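First the structure, in the form of structure tokens, and then the observations on it.
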Amino acid sequence: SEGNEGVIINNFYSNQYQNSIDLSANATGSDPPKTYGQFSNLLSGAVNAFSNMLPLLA
Amino acid sequence: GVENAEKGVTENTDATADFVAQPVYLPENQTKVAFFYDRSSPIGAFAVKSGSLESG
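Read top to bottom, the protein sequences are chains 4 and 1.
Per PDB author numbering, the first sequence starts with residue 13, numbered consecutively.
Per PDB author numbering, the second sequence starts with residue 1, numbered consecutively.
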């Protein structure tokens with residue numbers, strides 16, 4: 013059930029603050045999101061296709 | 001432009017390959033072979049022998 017609290021008013025602090033956050037873990041693991049934000053260093057020119065090419069060795 | 005001359009054939013370029021440039025072609029026909037040799041040049045001086053007009 014619930015405890016000993018019987019106030020009519022909506023809790024002034026939201027729940028994620030008033031209480032701990034119950035989480036549940038699934039047995040088989042979970043995939044991290046793909047990206048944690050948009051910060052990134054980028055590697056360009058990695059590959060090919062296009063230059064002063066095919067004078068270039070085989 | 002990087003190349004490999006050992007093949008016996010080398011790709012031809014203009015300033016355009018490696019730098020920020022433009023081709024600068026203009027037509028002319030004086031480099032055709034026929035035109036080039038179609039002019040007279042001397043090979044030497046010659047002479048005629050006396051009275052050859054009427055003898056052997």
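Just so you know, even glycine gets a beta-carbon here, dropped at the ideal spot from N, CA and C.
- For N29 (chain 1), which residues of its own chain have a beta-carbon under 8 Å away from its beta-carbon, when the five flanking residues on both sides are left out? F35
- Message: Residues of chain 4 with CB closer than 9 Å to the CB of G1 (chain 1), please, in chain order.
- Response: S63, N64 and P67
- Query: Residue ranges of each alpha helix (DSSP H) run of no fewer than 4 residues wholly in the stretch 15 to 61 of chain 4, ordered along the chain?
  - Reply: 27 to 30
- Task: Have a look at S63 (chain 4) and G1 (chain 1) and give me their C-alpha separation to the nearest angstrom.
- Result: 9 Å
- Message: Please list, in chain order, the chain 4 residues whose beta carbon lies closer than 7 Å to that of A17 (chain 1).
- Response: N64
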